Amino acid sequence: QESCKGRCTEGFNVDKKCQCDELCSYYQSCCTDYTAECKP
Amino acid sequence: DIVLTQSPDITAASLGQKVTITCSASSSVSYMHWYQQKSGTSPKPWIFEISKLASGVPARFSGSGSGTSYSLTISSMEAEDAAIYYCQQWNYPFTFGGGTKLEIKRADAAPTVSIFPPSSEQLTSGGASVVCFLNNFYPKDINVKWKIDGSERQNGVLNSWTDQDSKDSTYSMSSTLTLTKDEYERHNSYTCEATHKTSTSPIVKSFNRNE
Amino acid sequence: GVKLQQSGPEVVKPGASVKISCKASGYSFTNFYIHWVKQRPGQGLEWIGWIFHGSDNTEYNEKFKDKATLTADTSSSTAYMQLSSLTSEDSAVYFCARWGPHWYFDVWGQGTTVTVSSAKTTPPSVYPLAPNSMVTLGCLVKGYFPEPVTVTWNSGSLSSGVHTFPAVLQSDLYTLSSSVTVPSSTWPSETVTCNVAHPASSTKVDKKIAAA
Amino acid sequence: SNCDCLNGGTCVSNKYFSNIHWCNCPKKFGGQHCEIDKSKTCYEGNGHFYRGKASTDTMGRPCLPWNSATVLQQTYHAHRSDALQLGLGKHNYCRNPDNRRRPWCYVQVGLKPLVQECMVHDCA
Amino acid sequence: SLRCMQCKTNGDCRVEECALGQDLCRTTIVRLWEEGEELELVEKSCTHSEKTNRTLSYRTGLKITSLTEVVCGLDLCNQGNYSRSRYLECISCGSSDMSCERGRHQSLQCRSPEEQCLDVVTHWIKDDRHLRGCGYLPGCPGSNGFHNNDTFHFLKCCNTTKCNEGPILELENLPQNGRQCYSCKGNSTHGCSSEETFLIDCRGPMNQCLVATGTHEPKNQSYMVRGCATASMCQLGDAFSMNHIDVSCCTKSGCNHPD
Ligand SMILES: *[C@@H]1O[C@H](CO)[C@@H](O[C@@H]2O[C@H](CO)[C@@H](O)[C@H](O)[C@H]2NC(C)=O)[C@H](O)[C@H]1NC(C)=O
Ligand SMILES: *[C@@H]1O[C@H](CO)[C@@H](O[C@@H]2O[C@H](CO)[C@@H](O)[C@H](O)[C@H]2NC(C)=O)[C@H](O)[C@H]1NC(C)=O
Ligand SMILES: *[C@@H]1O[C@H](CO)[C@@H](O)[C@H](O)[C@H]1NC(C)=O
């Protein structure tokens, strides 16, 4: 899956392109949907 | 220069008894370690950094302290715990305490005393040794007195002690009286005398060279 | 893997020197302090000194400054200690020990015995000690050098009721004794024999205990 | 003698990185020197010591950043020696470095930059 | 003759003619990351010949902080200026929120395969005293240490998972080894005179009596430091805030003395 949603609390997925963990913007790895998924 | 006094020097403990060794430092040392030694073999690290157990050290062992006072506790004494234990400061002079000899306490047992004349072959070779075994006794405190024709003989006596036996927890001592053949031949009565707390009077073993 | 292998037992003359070795394996030799430790017979443990990385980086006990010299050979991961100008007070077990990651002596070599003495390799005289009623026997093993000897009874058949006493020093030779206790139904109607071995002189001896 | 830090802030530096310094700030304050109060919704009396945002004009219009090509050619901009003291930084928040009635900013009205009262309300 | 950009964090930049002894240019970068807030700080100037490319990243509560310095010697080379996957995992903490001291250590993954786990101790008598995280620093593959009358420096650097874990190192948990070296700081007539030099007990792996001579401070003020050091210190050198560093080492008590 290119863009996440499923739970938004799975963590750093060991082997996939672009991620949805808490620090994904620290590694500049996030998929852009993350910003509008599990936000405020 | 930091002196380390270990107390006691020797203790005999019952199986199941709580044992405490203390190490005293004339000045403050941040870490103290403890080593176990059997049979003058290599000391085994036992407790390092005050209270940490070395690999394979059983949970009945602990250590604690600070500054000028540290202790090693064994919460319940086992037979395989009989050993010499040494404290050591962690730092430079790396000085070891003088050691605590930890033994197994047990019921008083009297020595079995045997005396042996010189063998024919030692007599044909020009010498003469009289031997006394004081076997299987407890506690380790024992005095042996040699008597020739009824007089105490102090010179030419060599003594040797076993360590605590692994099975019955007693000690044994050998006492050998060495003389010239000619002196041996000029006297008749040879006596081994054992003074132990198990009796108020000495155990005596004698033989007459003649009869 | 991780170990300290010490060189064998040494017999040396008083006034002579001795150099002993400690081969380190299974870790990076030059990253760790090697310490040396002396233990005289029946006594405590004295720190002698350390070496770090090589021969130019050492610390001694003030007591051993004129006695011990510590060297290392990086090419073979071996520490050495020379002891010079020997007397009987230098007769001891000598240990090497690594100073480990959490700062205690974590790995020890087995020890090397240094006997200081002028004696020569002498086999023992073996003497039977023959006593009634319930029977202790003995064997006197007299005037041998060096240590050790090996004592058995009836070739090891007799094991219980055996006491082998530590050697004493007698006219610069060693003497030792051994007792065996047996039922008196057993001795002297059957045969009782101490077997004594002294590797140093390639001597093995069997002495039957006969009745006086 | 440094610690250019303001408000509740504590200075940390690193010698392996040319002694570059910055401050750890409380939760309500932002930026290197804790110069940004990201909580304030209202201004003071004169508003000379107002910090925090409001980037907007009285008639809804973005302020010009104090480090834009344009504001750097005006009197008040982010590269003055007293920028820190005046709250002038890499942002477009309304301030009041010269004493006027309310806070204000520079706003582009076609070819030219002009001073303009800020939307931010008074605390009264 | 070399010319560098010289930029304050406020973005005021200009060209700078480098003084004699400054023949590199540096760009220095600080990223302050916290939940959904980034602050980027950038600083530029001429710098000393001894500088290297370096990075350090550490987490400190909900905060992450990343330092990087890049250096070059070609001419306005610093006038210009990745971030994909996660490689080596390291323990991280830092003294600015007491995180190290209190054992509130966290895990951090490095961003380049070049970075290692770092542990640095900086005890001075505004740098943090304790830092753990990711990066590359001068003296890295391995570890190095120094201590004297007013200073304890330690740096450990390793390439295996969480190898910077464990209790924090403090000078007092390292044993006196028996080695003694002279300590001093200053210059040959002020601070480091036989009158002012004294014997300190070396600790743990530090058994080299060391002497570093160089320059410190704004201008090329001459500076000198004596004390106890690891073997590894006796082979750059930013650990004493110095520049043209010259190190002698000997391994005998007292050998360190102004001869
Ligand atoms: C990880 O770092 C260690 C620390 O030095 C490196 O270890 C060295 O490896 C080479 C051969 O691979 C040896 O010859 C060196 O002597 C090693 N140094 C030691 C054991 O301290 C190691 O190679 C590094 N590994 C990687 C993948 O970079
Ligand atoms: C050695 O150290 C001192 C101070 O750390 C040097 O500088 C002194 O600084 C003041 C103020 O600028 C002077 O006016 C003093 O007279 C300086 N001392 C000397 C020696 O003149 C001092 O100069 C240094 N010496 C060397 C060799 O550079
Ligand atoms: C430092 O890193 C930069 C990255 O662009 C590189 O161009 C330069 O060669 C590096 N310098 C050193 C000291 O190797």
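Computation of the quantities below employed the complete heavy-atom set of this structure, encompassing side-chain atoms and omitting hydrogens, waters and symmetry-equivalent molecules. A note on names: the letters A, B, ... follow the listed sequences, proteins ahead of strands, and every chain is numbered from 1.
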Of all of [options], which one pairs up most often with chain D through heavy atoms under 4.5 Å apart?
| options | result |
| --- | --- |
| E:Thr47, E:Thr68, E:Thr122 | E:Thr68 |
| E:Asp97, E:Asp12, E:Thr9 | E:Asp12 |
| E:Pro138, E:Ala239, E:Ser45 | E:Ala239 |
| E:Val120, E:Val30, E:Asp128 | E:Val30 |

So for [X], is it side chain, backbone, both, or neither that comes closer than 4.5 Å to the heavy atoms of chain D?
| X | result |
| --- | --- |
| E:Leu67 | both |
| E:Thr60 | neither |
| E:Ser241 | side chain |

I'd like to know if the side chain of D:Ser18 pairs up with that of E:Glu43 as donor and acceptor (distance under 3.5 Å, no hydrogens or angles considered).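 Note: D:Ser18 and E:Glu43 side chains miss the donor-acceptor criterion.
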Looking at [atom1] of [X] and [atom2] of [Y], how far apart are the two atoms once the value is rounded to the nearest 0.5 Å?
| X | Y | atom1 | atom2 | result |
| --- | --- | --- | --- | --- |
| E:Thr55 | D:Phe17 | OG1 | CZ | 5.5 Å |
| D:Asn24 | E:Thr65 | CG | OG1 | 8.0 Å |
| E:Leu131 | D:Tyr16 | CG | OH | 10.0 Å |

Surrounding [atom1] of [X] (heavy atoms of other residues, nucleotides or ligands, distance under 6.0 Å), is the total greater than 12?
| X | atom1 | value |
| --- | --- | --- |
| E:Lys63 | NZ | yes |
| E:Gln6 | CD | yes |
| E:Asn81 | CG | no |
| D:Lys28 | NZ | no |
| D:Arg100 | CZ | yes |
| E:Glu35 | CD | no |
| E:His244 | NE2 | no |
| D:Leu114 | CG | yes |

Could you tell me which portion of D:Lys90 (side chain, backbone, both or neither) has an atom closer than 4.5 angstrom to a non-hydrogen atom of chain E?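 Just the side chain, heavy atoms under 4.5 Å.
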So which bits of residues 19-29 of chain E come within less than 4.5 Å of chain D, counting non-hydrogen atoms only?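 Residues E:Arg26, E:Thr28 are the ones that qualify, each having a heavy atom under 4.5 Å from chain D.
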Side-chain donor or acceptor of E:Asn10 paired with backbone N/O of D:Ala78 under 3.5 Å: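 Judged by distance alone, yes, a pair lies under 3.5 Å.
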Considering non-hydrogen atoms only, spot the tightest contact between D:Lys15 and E:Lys51 and give its length.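 Looking at all heavy atoms of both residues, the shortest contact is O-NZ, 4.5 Å.
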State, to 0.1 Å, how close D:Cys11 and E:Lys126 come at their nearest heavy-atom pair, and which atoms those are.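 Distance-wise, the nearest heavy atoms are SG-CD, 3.8 Å.
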Under a 4.5 Å cutoff for heavy-atom pairs, which residue among D:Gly89, D:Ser13, D:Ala83, D:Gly30 has the most contacts with chain E?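 Heavy-atom pairs under 4.5 Å are most numerous for D:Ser13.
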I would like to know whether D:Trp22 and E:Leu32 meet side-chain contact (heavy atoms from CB on, under 4.5 Å); could you show each step before the answer? CA-CA 10 Å; D:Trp22 67 98; E:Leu32 281 7; 3.7 Å; yes
